[PDB]
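2 protein chains.
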Amino acid sequence: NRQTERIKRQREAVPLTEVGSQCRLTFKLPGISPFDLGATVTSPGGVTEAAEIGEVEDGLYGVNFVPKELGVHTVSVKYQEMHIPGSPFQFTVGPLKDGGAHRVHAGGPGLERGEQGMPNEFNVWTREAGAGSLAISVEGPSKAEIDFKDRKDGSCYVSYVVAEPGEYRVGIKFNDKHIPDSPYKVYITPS
Amino acid sequence: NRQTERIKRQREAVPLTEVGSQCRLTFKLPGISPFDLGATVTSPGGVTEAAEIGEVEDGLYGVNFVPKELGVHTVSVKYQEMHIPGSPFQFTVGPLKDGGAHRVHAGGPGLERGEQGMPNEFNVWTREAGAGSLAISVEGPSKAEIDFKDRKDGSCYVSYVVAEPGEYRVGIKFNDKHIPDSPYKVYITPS
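Structural data, given as structure tokens:
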């Protein structure tokens, strides 16, 4: 069978990031232990400082940092040579100089593998994409149930459930264009 | 100063509610123990049955019932002869026979009063409206920050924060029409 479930949201660009302001990159860690991760911020000049990782609410973690110059900063969250899904993140200070689907990151186990009747979860980060429509679709042998939490920081956390095992397609589009790794092929295992 | 912040989401109709299916109304407690509330379901014939209240995800509660016939059922959640915000709720069993903004309910403290810099929360119930666009706007002396969680049951839980005290307007529109009590006048008090 082929059944499809789709949601979309529209949001304006995240408010301008001023030089010297308190910034935060948030991430949920479906299937990853927070305890031994390291965060770094790299300035547009290539200077890297360690940044602390805090719990923001139950299950939500954040990298707190303060940028000292204009332009595109990188925020890395790693275990040894491994990045967490989505890392390294980009973070523009001052006005956005680019936008659109190619700037969107996404990650988490619901974009790779799950189990029949269990929640499949992933994060999407749209702050660098600027204003527009984030669309999510799930297609496969059953009609997914989709919940999502869309935040002021341009991040969106998705949880979907499917009734039947099989091969599913998860589409993530921003202003009607696939983000770089979309669509995602997802296998759902039997109970 | 007059600033507006707006988000929108689009979702397909909630799947067909069938006779003998598990149905659930999800709500936030109105500062009252769940042991002290009474939920009832009224059939299309006017027969009322007591229904169970139980905790469900995200600190929310649910009213669970199983419809025995086609047609519009009413779910009330009460303390003595007072309704919780949004009650009584309607639940069509069988295909939707109506739709649109006039079928949407909303409620919570964020549609009445809040405090500068603190979260202002409310729920929206769209299952009876069918497929469409839900738009949430906040207009007032500062630009709101808005988070929302949009669920498979057609409910959307909103949290917004404003930087300045004063008189705000909260708009709730479905396919670009105000729902029955929108726009809402909201006073935000100083810290």
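From first to last, the protein sequence lines are chains A and B. Counting the first sequence from 1 gives a position; the entry's author numbering is that position plus 2. Counting the second sequence from 1 gives a position; the entry's author numbering is that position plus 2. Using N, Cα and C, we set each Cβ at its ideal position, and we do this for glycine too.
Asked                                                                                                               : Found
Residue range of the beta strand (DSSP E) that includes residue 1(A)                                                : In this structure chain A extends from 3 to 193, so residue 1(A) is not present and cannot be described.
Per DSSP, the bridge partner or partners of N66(A)                                                                  : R26(A) and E54(A)
Close-in-space but distant-in-sequence residues of the same chain around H104(A) (CB under 7 Å, 5 per side omitted) : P182
Residue from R115(B), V65(B) and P111(B) with nearest C-alpha to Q92(B)                                             : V65(B)
DSSP three-state assignment for residue 198(B), whether helix, strand or coil                                       : Missing from the structure shown is residue 198(B); chain B here goes from 3 to 193 and no further.
Residues that DSSP places opposite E83(A) in a beta bridge                                                          : Per DSSP, none; premise fails for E83(A).
Residues near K179(A) by beta carbon distance below 7 Å, same chain, minus five either side                         : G102 and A103
Separation of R4(B) from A165(B), as counted between CA atoms                                                       : 13 Å
Own chain residues within Cβ distance below 7 Å of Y170(A), not counting five before or after                       : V140, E141, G142, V164, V188 and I190
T94(A) to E57(A) span [Cα, whole Å]                                                                                 : 23 Å
Segment limits, beta strand (DSSP E) that includes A137(A)                                                          : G134 to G142
Cross-chain neighbours of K154(A) in chain B, by beta carbon under 7 Å                                              : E147, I148 and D149
When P69(A), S35(A), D149(A) and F124(A) are compared against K10(A), the one with the closest alpha-carbon         : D149(A)
Cβ contact check for the region 126-136 of chain A and the region 123-134 of chain B: 3 or more pairs under 8 Å     : no
Chain A contact residues for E20(B), given Cβ-Cβ distances below 9 Å                                                : Simply none; closest approach about 14 Å.
Within chain A, the residues that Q12(B) reaches when beta carbons sit closer than 9 Å                              : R8, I9, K10, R11, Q12, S135 and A137
Where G168(B) falls: helix, strand or coil (DSSP)                                                                   : strand
Contact with chain A by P17(B), beta-carbon distance below 9 Å                                                      : yes
Integer Cβ distance of residue 202(B) from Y186(B), believed to fall under 8 Å                                      : Given that chain B is displayed from residue 3 to residue 193, the structure contains no residue 202(B) and the question cannot be resolved.
Helix, strand or coil at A103(A) according to DSSP, with G and I counted as helix                                   : helix
Outcome for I34(B) when other beta-carbon atoms lying within 10 angstroms are tallied against a minimum of 16       : exposed
Three-state secondary structure (DSSP) of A15(A)                                                                    : coil
Beta-bridge partners of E20(A), as assigned by DSSP                                                                 : Answer by DSSP bridge pairing: none, since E20(A) is not bridged.
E20(A) versus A133(A): straight-line alpha-carbon distance, rounded                                                 : 18 Å
Rounded distance between the beta-carbons of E147(B) and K154(A), thought under 8 Å                                 : 4 Å
Rounded separation between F176(A) and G109(A) - CA only                                                            : 15 Å
Identified DSSP bridge partners for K151(B)                                                                         : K151(A) and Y159(B)
Continuous beta strand (DSSP E) stretch holding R115(A): start and end                                              : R115 to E117
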